[PDB]
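Architecture at a glance
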Amino acid sequence: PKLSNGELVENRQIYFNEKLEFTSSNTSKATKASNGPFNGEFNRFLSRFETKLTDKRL
Amino acid sequence: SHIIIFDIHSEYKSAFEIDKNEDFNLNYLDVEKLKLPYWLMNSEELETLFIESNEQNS
């Protein structure tokens with residue numbers, strides 16, 4: 001995984017500490033970036049889950 | 001006394017619309033006079049109203 005600021009991710013554990021912004025997708029040979037296996041598939045899941053987190057009657 | 005009526009194809013307006021001298025204020029909330037601020041919505045209803053359906057959105 002590649003960060004937005006030209007940085008690669010060695011261990012997939014810095015996700016837990018904070019939210020990170022990644023580089024956009026492109027098909028250029030010099031600068032090639034591809035969508036992740038789980039990219040955009042948790043949209044509704046994220047919406048419902050954040051709705052659960054925000055409400056504090058629980 | 002408190003009563004709330006969600007009547008699709010409104011029919012009970014006449015049943016309670018007695019003459020004005022009897023002093024029975026009736027709150028007739030029709031589609032013309034209804035004031036629902038859209039910004040009060042939550043995630044699900046906002047997505048349902050705007051994102052719509054019937055398409056695999058990109």
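Residues numbered from 1 in each chain as written, not as in the entry; some residues may be left out. Chains lettered and ligands numbered in written order. Part of a larger assembly, values for the part shown. Heavy atoms only, no water.

This brings us to the overall build of chain A. The helix and strand inventory of chain A stands at one helix and two strands. When its C-alpha atoms are laid out on the principal axes, chain A stretches across 50 × 20 × 15 Å. Residues counted as buried form 5% of the 58 residues belonging to chain A. Of the accessible surface of chain A, which amounts to about 5,900 Å², a share of 52% is contributed by carbon and sulfur atoms. Computed over 10 positive and 7 negative side-chain charges, the inter-centroid distance for chain A is 8 Å. (Helix = DSSP H or I, 4+ residues; strand = E, 2+ residues; numbered from the N terminus. Buried < 20%, exposed > 50% of the residue type's maximum accessible area, 1.4 Å probe, protein only. Areas by Shrake-Rupley, 256 points an atom, 1.4 Å probe, with all protein chains shown as cover. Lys, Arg positive; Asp, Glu negative; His and termini not counted. Charge placed at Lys NZ, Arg CZ, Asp CG, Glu CD.)

Glancing now at a nonpolar patch on the surface. All names here are of chain B. Among the surface-exposed residues, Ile3, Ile5, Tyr12, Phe16, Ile18, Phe24, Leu26 and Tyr28 lie close enough to one another that they form a single nonpolar patch of about 830 Å² accessible area. Its place among the elements puts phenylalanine 24 in the loop between helix 1 (13-16) and helix 2 (43-50). Relative accessible area serves as the criterion here: at 51%, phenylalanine 24 is assigned to the exposed category. (Patch = residues over 30% accessible without salt bridge, like charges linked within 9 Å, V, L, I, M, F, W, Y side chains within 5 Å. Salt bridge = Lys/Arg side-chain N within 4 Å of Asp/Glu carboxyl O.)

Before going further, it helps to examine the side chain of A:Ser47. Residues and elements named next belong to chain A. Note on placement: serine 47 falls in helix 1 (residues 43-54). Under the relative-accessibility criterion, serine 47 is labelled buried at 14%. A polar contact is formed between the side chain of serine 47 and the side chain of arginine 48, at a distance of 3.4 Å. (Polar contact = N/O pair within 3.5 Å; in protein donor to acceptor, adjacent residues only side chain to side chain.)

Right, let's talk about the environment of B:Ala15 for a bit. With respect to the helices and strands, B:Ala15 occurs in helix 1. In this structure, the C-alpha to C-alpha distance between B:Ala15 and B:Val31, residues 16 residues apart in sequence, is 19 Å.

Evaluation of the coordinates by the stated rule reveals four aromatic pairs over all chains. Geometrically, the ring pair formed by A:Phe38 and A:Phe42 is stacked, given 6.1 Å between the ring centres and 25° between the ring planes. For A:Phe38, a relative accessible area of 59% gives the class exposed. With a relative accessible area of 40%, A:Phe42 lands in the partly exposed category. In this structure an aromatic cluster arises from ring pairing among A:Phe38, A:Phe42, A:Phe45 and A:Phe49. Between the NZ or CZ atom of B:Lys13 and the centre of the ring of B:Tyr28, over which it lies, the distance is 4.3 Å. (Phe/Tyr/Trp six-rings, centres within 6.5 Å; stacked < 30°, edge-to-face > 60°. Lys NZ or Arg CZ within 6 Å of the ring centre and 35° of its normal.)

Counting residues at the interface gives four residues for chain B, matched by four residues for chain A. Counting each side, the surface lost to burial between chain B and chain A is near 320 Å², with a carbon and sulfur contribution of 30%. A per-residue breakdown of the area chain B buries against chain A is headed by B:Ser43, B:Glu44 and B:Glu47, which together make up 83% of the total. Counting across the chain B and chain A interface gives zero salt bridges. (Contact = heavy atoms within 4.5 Å. Buried area = accessible area lost by both parts, 1.4 Å probe.)

In this section: unusual backbone geometry. Residue and element names in this part refer to chain B. With phi around 60°, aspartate 23 is a residue other than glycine that occupies positive phi space. With respect to the helices and strands, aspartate 23 occurs in the loop between helix 1 and helix 2. Residue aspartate 23 is classed as exposed on the basis of its relative accessible area of 59%. The phi torsion at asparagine 54 lies on the positive side, around 55°, for a residue other than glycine. Inspection of the secondary structure assignment puts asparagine 54 in the segment after helix 2.

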